[PDB]
Structures are given as structure tokens and as C-alpha cells.
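Working notes, beginning with the structure itself.
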Amino acid sequence: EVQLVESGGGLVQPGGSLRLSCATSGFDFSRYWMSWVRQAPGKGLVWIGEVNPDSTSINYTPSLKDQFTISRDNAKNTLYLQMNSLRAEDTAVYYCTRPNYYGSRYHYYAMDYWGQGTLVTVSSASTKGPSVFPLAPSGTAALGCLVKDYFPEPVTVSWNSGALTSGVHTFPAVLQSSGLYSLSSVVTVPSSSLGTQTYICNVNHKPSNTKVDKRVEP
Amino acid sequence: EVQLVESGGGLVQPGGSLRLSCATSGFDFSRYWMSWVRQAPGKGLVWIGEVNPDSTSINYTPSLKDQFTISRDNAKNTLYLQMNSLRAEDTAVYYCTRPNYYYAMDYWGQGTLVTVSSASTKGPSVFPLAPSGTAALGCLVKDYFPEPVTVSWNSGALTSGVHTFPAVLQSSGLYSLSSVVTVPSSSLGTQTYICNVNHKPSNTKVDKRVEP
Amino acid sequence: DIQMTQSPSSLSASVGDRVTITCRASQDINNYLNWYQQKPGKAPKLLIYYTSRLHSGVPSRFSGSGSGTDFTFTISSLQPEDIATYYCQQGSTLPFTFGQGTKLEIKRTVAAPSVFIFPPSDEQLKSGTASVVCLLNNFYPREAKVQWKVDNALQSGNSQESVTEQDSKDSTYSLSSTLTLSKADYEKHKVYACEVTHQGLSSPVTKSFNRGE
Amino acid sequence: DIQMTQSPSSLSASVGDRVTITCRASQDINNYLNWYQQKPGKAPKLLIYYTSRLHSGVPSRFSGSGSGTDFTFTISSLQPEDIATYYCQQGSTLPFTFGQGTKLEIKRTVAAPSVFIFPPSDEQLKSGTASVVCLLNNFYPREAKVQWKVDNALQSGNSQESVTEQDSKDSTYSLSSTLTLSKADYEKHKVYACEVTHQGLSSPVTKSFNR
Ligand code: NA
């Protein structure tokens, strides 16, 4: 099946530049138009622009045509987004999409395939890796991990290298008064499984290249 | 115009009984069917029952027939609701209504709140909230039970700018609320501001002058 | 008993929107279906009777339709005064029954609060208690943060918030935060302040007084 | 730029309910209108294209209608997995534009939270800070009240909350409340508790620990 994976996201300073990539698999990339859509945190969807197979038609949302530049490498089956003079209002999740559903005489499509997105944070603040602390358990028991004082978002949390998925809740991060983020990841398990089963939370923070594997014990 | 005014609401111990009254004006009461409707706090409307002009027909919702007895007095233009052996699930605002068209309730009173609880009645303490283009002032209505308190400003002459907050249940199990009004700052020295607090369950009436 | 089911239970719409609410009866009620509006802190009020008939004095933007088991209530263009809970009611068979209600809320533009601070009254302090009140007047959206500060340092005491329902004229909220202290604790500090962070404020607003001034 | 306007912007409906969302275009776009579903924490997914055509794999409970300026998206029988933000999108003129979104929540029976308290780890105390965590697991409705008591003294301003989005399987919420204290302020007190108030609880539930 069609696969779209974006990279290049992270922290950039205001007025700064960044280049996003969207690696693709499962289709002849050379024969399709490609698009970029963005979503500011907790806000709506914004179409950035599109590029045809030839790169002879490159259309943009007018308010963004001055700082964004779309391009592709057909031999590498990769789509690009060059972002310049970035403002705080450009902080968003950036998605590459694959337009199709033509069969029309006119320039019309629906975006039938989207990638999972890459978050771009525009801030003058510095990167900081998290401190990971266990939330030790006391029928059903709850245990967790406290991922504290990191910048910027996101952090990814998995349990037992993806083996434990049910009863997992990874809370949205809250911005603390220090200017740094903090979150918790919890899981509910049988109280009988505590002193027998091993529980390890896997914390990843790509902006600071931090990888923590924390064993949670009662 | 048609006026429907309920009274008798307040604190009822579990297993206790109470009589509600709905005094009417602006219509020949003896020619109309009359009804009761209740609403539990933050919940939907529940039809209790109805009485016809000569009281030969008294209909109830089947699940509430043991808790309520509807009656009327055509000479006093008053509708009655006898509440028997009340449970905590009977805590609600009771409205008398006037059915019309031939099956709709075209007129409703403001309601009377009946609290079914083991606690005791306490009247509030009333305190001024004073200022020092737009100015704010108010009244703090503290430590009362049960609900509700009503607040008016300058005996009802002052309505614009008024915000009477919902009561909060304090750590003590007693309620507290505040009523505030925003006024032109150039009128602080000019006009007198008086909040009129009425706690019907304890029959407390307080008028506090709020001055800077 | 006939069970009445309303859909949605809750909705947010903007001023000028066409809003539609459905009602479903567990059995055929012909056209004996009524619609009530209950404004915040007020008694219900009849709008539509006999499925589609407007009651006297009811604005033209309100309409009703359907028959048998399915019924519709429409507001052709939403107004701030339409903030309320809407109930359907069947009048076909006894006992008369109501739907569970549809709470109608209004989406509008950001409005920053006006912030006020009130010290405890001399009458209150004489009784052994001190209540300090912070008022956030006429703001949108509902989300706000109030922080009590005593002598410029954060205060981790007993503070309770209360929020009004959306105003019928401007669709905004007002909030009160009350800090409760014993007279003895209230006298351990001089400057009392509440700090407000809201979407409509570029930087936080602080209102303060000096105990004894 | 054609402006897309959705109504309602938010709604709560029950499993089995027929749900209708409207979309209005600032000018005639014929049938060049698409509907997308964005499930919490995920990327949008195409549901409908050309006003009424279901994309491959989309359930038949979803449908679309309309023409020119006025459009409708319908869910014939609402399911817990339908919790999402729904977006309309015009594909008539450049730039392509989206509606502001319709956030759809599921109304279900009241479910009380399961409450758990967590003391600060020894490891974190070595850094000179203490974080006390109170977890409210799988409740409904979203409204819940967490009060922190430190030696039976109510706290304010020193805690932050975080609520998950509605669960796509059981329609519930989970909430985390974190009380941050300096190691000096934490070493001062013995009883830490979080008192929880919710519709599902007849009496407030308190979870406590001794330092
Ligand atoms: Na009963």
C-alpha cells in the first residue's frame, strides 16, 4: 500500500529556515501530484501547496508563497518543503499528502493518502532532553513514567518496546512555568502481574537525541 | 398577564413531608387544568401530574404517585402539591404550569427548590465587595444552607451589568456565592449601591450598602 | 410511558447559523409534540406546539416539522439570546413525557476579561475570616487561569472558582476566584494579588491591593 | 480564497444516533467538496469525495449530499470509533480550503474514575524537586474535580492537569494532576491526598499516602 513518511521537523529559531522531506513507498511517485498541508496545535487544516509530476506547476496558498518552496526528486521518490523566515505562527504539524480522485477535466482532487506528520516548533528557546522518573505502583494496579523538563515537543512513549499497548494512556504535555514541557504515561495492569512482570517505558526525544528505557518497580 | 408564583420550598429531612403552593393572578383559575413539573439540579424536566377545574380528574406519572398529592382551591386561586416521605432523588425545582390547547404548557412559574437532606437550615452572612472608566462592586453571600439565595440591586432598579455567580459547596458543607455589578467609575461618589439578599428557607432578608 | 430522545444532547454553533435538533418518540404520537426553551437560570417557555405551530410572541426564525415518531426543531439563523436548553414533550398519551434536552452553546471571537480585586470587608474581618475575591468579567473562551500571589510569592491556599453561564447578549462568561483565609493568616502578608492568563491577553494581568491601604 | 464554514462546530451525540453536519461555501463550488475524518492523535483520512462518493474502505453508515454552496455529511448510526474532528474541503479553485472543523464527542452512561496516587521518586528527590501525581482513570463525563490536600490543607496554583481525548473504544477520559513542590516544602509535610469529585461518585473519593 501507499506509504508517506515525513522528516526534518523540530525546533527552529524565528527568522530561520528548515527543509522537510517526505519519503514514499508503494507507488510510482513520478506519475502523481503531491501536496503539503499544515495544522497549528489544536487548530484547523491549512493547504500549503502542490507540485505536479514535471515540477512545471507549483501552486501555493498566496499568504505562504513568499516563505515556502515545494520541490521533488522523482529518482529518489521524495517530496520537499523549504521553509524560510519562519514566524511563531508557522508552528504546526506538516503533512505530505498524495492527491488522486481526478477523472476530471479540471484541476480537482481529494487527498486520499496522508503521512503521519512532522511537528515544526518556531521558538527562540533552547532544546532540552527529558528527565524520566518512575510512577511506582502501590485487583488492578496503575504504574507509569514521568517525563519532565524537555523542550520542544514531541516525546514518544511506548511500553515494553511496543509489547504492552492496552490500558496505556500517554497524557498531552503541559507547558510548565519554567518554559519547559512535562507529561506522564500510565498503564493499568493486574495486581498479580506486579512482582512477576517487568515494566519498562521507552522514552524518545528526537530534538535532543535522547533515548531512555526506565524500569518501573513496586 | 398570567402570573404563577410557587412558595413553600426549602429543607426537607429524608422521609419528611412538605406542602407547596402556587398562587395565581391574571386569569379565571377555576376554568383551567393545572400541573406540576419538576427539574432535578442540572437535569431534565419530569411531569408530575395534573388536576382538572372541579378536581374530578387528578392524573400522575405512575412512578411518583406515592410521593405526591395534587389539590386546588378555586376560591383562593391556589394550586397545591402535597409532598410525602421524600427521598434524596426528589431534590428538584418544582414548577406549577398551566396547560392549554386541545396538550401544551403555555405558562410556567419561576419554580421553588426543594432540598431533601439530613443537614440543618443556616441563613447567610452578607458582606460588601468594595472598589478603590468602569468600576466593579458586589456582595459576598456566605455560609448558608440549603440553596437558593436570590440577589437584586437597588430593589430591582439595577439589572444591567449584574452577574450573580452559581453557589459553591464549601469544605464546611455550607454554600457561598457572590453577586457583582459593573458601573461607571464616575458614579461611585454619585449613586448608592444596595444589594438585596433573600434566603427564603431560613426567612433571612439582608440589604447591604456597598460603598468605596 | 413514551420515551422521548433528543439529538444532539449538546452543540456549539455561531451567530447566523441554521441549527437543527431532532426528537424521536418510542411510539407514534401523531402531531402531539411541543418544544420548550429554557434560558440559563430561568423557567421553561413554550415556543412550538402541535409539531409546527408558533406560540404567541415567538420569533419567526423558530420552526418545527415531522410526524409519527420523528420530529425536527430549527433555528433558521442563531442569535445570542438563543443560548439555552431545548426540550421536546409529547402530549399524546398519559403520562406526559419530555426529551432529555439539547444544550445549545455559542462560538464567538476572543474577548479578554476585565479584572477586578476585592479585599475582605471590615465587617468580615471582625468575625475572624478574610475572603479575598478576584473577578474576571465578560471573557471568551471559558478557559482562564487565575493565580493568587501573596507578597509577590505564589499562594497555595484555599481558593474556589465559580463561572456564569454564557451571557444572552454577548455570549461571554464571568468568573470569580475566592481566596478564604482566617483573619490571623490574612494578617501574615501585606500585598494580595491575582494574576490572570487568558487567550485575549498578550501578557498576564495582575490586580492588587495593600492590606491596610 | 473560498471560505468554508461548518456547523455545528462541536456536538455530543449518543451511539445509534443519526448525526448531520453542514458545510457552507462562500461561493458555488458545484460538487468539488470532500469530507475528512481526523481521529485523536492521528492524521486526517478521506471519507467522501465529489460530495457523495465514499472512498474505498469507508463504512456505508457515512454519506454526503448537497450542491453549489450548501453541503451535508451524515452518520446514519453513530459508533464509539466515530469520535473525531470532521473537515469539509473545497477542490474548486486555488488555494484549496478547509472548513474550521466539527468536533464530535460521544455521550455515554456516567462512569466514575478509578483514582491512583503516586509519591515522588527517590531519583527525582535527588534533583531537589518533588512531583506528586494523581491519576483519574476511564471516567465520563469529562467534568471532574481534583483537590490537593497537604496535611488536610487545601492547595491552589501549585498543580497542573492534563486530560486525554475521548477513548475511541469505551468513550471515556483520563486525567492526570501533578503537584510540584520543592524538596524543602515536600520534606515539611506528611499527608498528601487528592480528593476527587465526579457525577459517578456519590461521595468524594480521596487517595492518600504518608511521606
Ligand atoms: Na419513584
Side-chain angles (χ1 to χ4, degrees), chain B residues 42 108 110 134 136 151 153 156 158-166 179-183, chain C residues 6 8-21 35-48 54-64 72-88 101-114 135-144 162-176 198-201, chain D residues 3 5-12 21-22 24 26 99-103:
Chain B
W108 296 66
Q110 267 300 112
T134 299
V151 184
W153 289 86
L158 185 64
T159 57
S160 298
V162 180
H163 287 300
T164 298
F165 288 97
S179 186
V180 299
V181 54
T182 54
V183 304
Chain C
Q6 284 184 244
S9 302
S10 214
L11 71 109
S12 285
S14 286
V15 166
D17 286 358
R18 159 170 272 241
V19 173
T20 301
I21 301 162
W35 294 97
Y36 300 89
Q37 179 197 54
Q38 187 183 29
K39 283 178 191 190
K42 258 86 182 191
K45 180 225 174 180
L46 180 66
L47 293 194
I48 304 256
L54 284 169
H55 175 58
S56 271
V58 177
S60 46
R61 64 180 186 272
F62 299 111
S63 53
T72 285
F73 178 76
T74 303
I75 302 162
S76 70
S77 163
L78 196 64
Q79 300 305 295
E81 59 266 31
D82 298 349
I83 168 91
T85 306
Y86 295 84
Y87 295 88
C88 63
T102 298
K103 194 188 183 194
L104 164 52
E105 312 172 81
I106 307 226
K107 232 82 159 69
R108 53 145 293 152
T109 50
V110 174
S114 288
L135 171 65
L136 277 70
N137 205 59
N138 303 149
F139 67 94
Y140 190 92
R142 204 183 181 280
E143 293 69 49
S162 190
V163 191
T164 59
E165 285 298 292
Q166 283 189 289
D167 185 85
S168 287
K169 243 132 183 178
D170 66 9
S171 323
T172 64
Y173 302 92
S174 277
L175 183 146
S176 76
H198 181 83
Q199 198 175 145
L201 302 165
Chain D
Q3 297 304 100
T5 298
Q6 295 183 238
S7 201
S9 45
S10 189
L11 75 115
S12 261
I21 294 160
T22 68
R24 208 244 146 81
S26 63
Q100 80 293 344
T102 299
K103 189 175 182 170

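Below, chain A is the first sequence line, B the second, and so on; all start at residue 1. Computed over heavy atoms, backbone and side chain alike; hydrogens, waters and symmetry mates excluded.
Under a 3.5 Å cut-off, the side chain of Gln166(C) and the backbone N or O of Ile106(C) do form a donor-acceptor pair. A side-chain donor-acceptor contact under 3.5 Å links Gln6(C) to the backbone of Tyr86(C). The backbone N or O of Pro8(C) lies less than 3.5 Å from a partner atom in the side chain of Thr102(C), making a donor-acceptor pair. No donor-acceptor pair closer than 3.5 Å links the side chain of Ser12(C) to the backbone N or O of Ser9(D). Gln37(C) places no side-chain N or O within 3.5 Å of a backbone atom of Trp35(C) that could act as its donor or acceptor partner.
Remark: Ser14(C) engages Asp17(C), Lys107(C) in a side-chain contact (heavy atoms from CB on, under 4.5 Å) (not counting sequence neighbours). The side-chain contact (heavy atoms from CB on, under 4.5 Å) search around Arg108(C) returns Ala111(C), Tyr140(C), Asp170(C), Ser171(C), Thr172(C), not counting sequence neighbours. Annotation: side-chain contact (heavy atoms from CB on, under 4.5 Å) contacts of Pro141(C) (sequence neighbours excluded): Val110(C), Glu143(C), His198(C), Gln199(C). The side-chain contact (heavy atoms from CB on, under 4.5 Å) check on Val58(C) picks up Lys45(C), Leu47(C), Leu54(C), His55(C), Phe62(C), with sequence neighbours excluded. A search for side chain to side chain donor-acceptor pair (under 3.5 Å) contacts involving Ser10(C) returns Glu105(C), not counting sequence neighbours. For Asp82(C), the salt bridge (charged side-chain N to carboxylate O under 4.0 Å, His left out) partners are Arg61(C), not counting sequence neighbours.
Across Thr85(C) and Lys103(C), no two heavy atoms sit closer than the pair OG1-CG, 3.8 Å. Here the closest heavy-atom approach between residue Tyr36(C) and residue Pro44(C) is recorded as CB-CB, 4.3 Å. Residues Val181(B) and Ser160(B) share a closest heavy-atom pair of CG2-O, 3.8 Å. Closest approach of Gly200(C) and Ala112(C) over heavy atoms only: O-CB, 3.6 Å. Here the closest heavy-atom approach between residue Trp108(B) and residue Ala43(C) is recorded as CB-CB, 4.3 Å. Of all heavy-atom pairs between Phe165(B) and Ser176(C), the closest is CE2-N, 3.7 Å.
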How far apart are the C-alpha atoms of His163(B) and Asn138(C), what are their side-chain angles, what is the distance that settles it, and do they pass the side chain to side chain donor-acceptor pair (under 3.5 Å) test?
CA-CA 10 Å; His163(B) 287 300; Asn138(C) 303 149; 3.0 Å; yes

Give the intermediate values and the outcome of side chain to side chain contact (heavy atoms under 4.5 Å, CB included) for residues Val162(B) and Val151(B).
CA-CA 10 Å; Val162(B) 180; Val151(B) 184; over 6 Å; no

Which is it for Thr22(D) and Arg18(C) under the side chain to side chain contact (heavy atoms under 4.5 Å, CB included) test, yes or no, and what are the steps along the way?
CA-CA 9 Å; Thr22(D) 68; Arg18(C) 159 170 272 241; over 6 Å; no

Show your working on side chain to side chain contact (heavy atoms under 4.5 Å, CB included) between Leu104(C) and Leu78(C) and close with a plain yes or no.
CA-CA 10 Å; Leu104(C) 164 52; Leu78(C) 196 64; 3.7 Å; yes

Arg24(D) vs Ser7(D), side chain to side chain contact (heavy atoms under 4.5 Å, CB included): CA-CA, chis, key distance, verdict
CA-CA 8 Å; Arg24(D) 208 244 146 81; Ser7(D) 201; over 6 Å; no

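To the nearest 0.5 Å, atom OG of residue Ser63(C) and atom CZ of residue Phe73(C) are 7.5 Å apart. The line from OG1 of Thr164(C) to CG of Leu136(C) is 10.5 Å long, rounded to the nearest 0.5 Å. Taken to the nearest 0.5 Å, the CD1 atom of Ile21(C) stands 9.5 Å off from the SG atom of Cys88(C).
Between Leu201(C) and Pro113(C) there is a side-chain heavy-atom pair separated by less than 4.5 Å.
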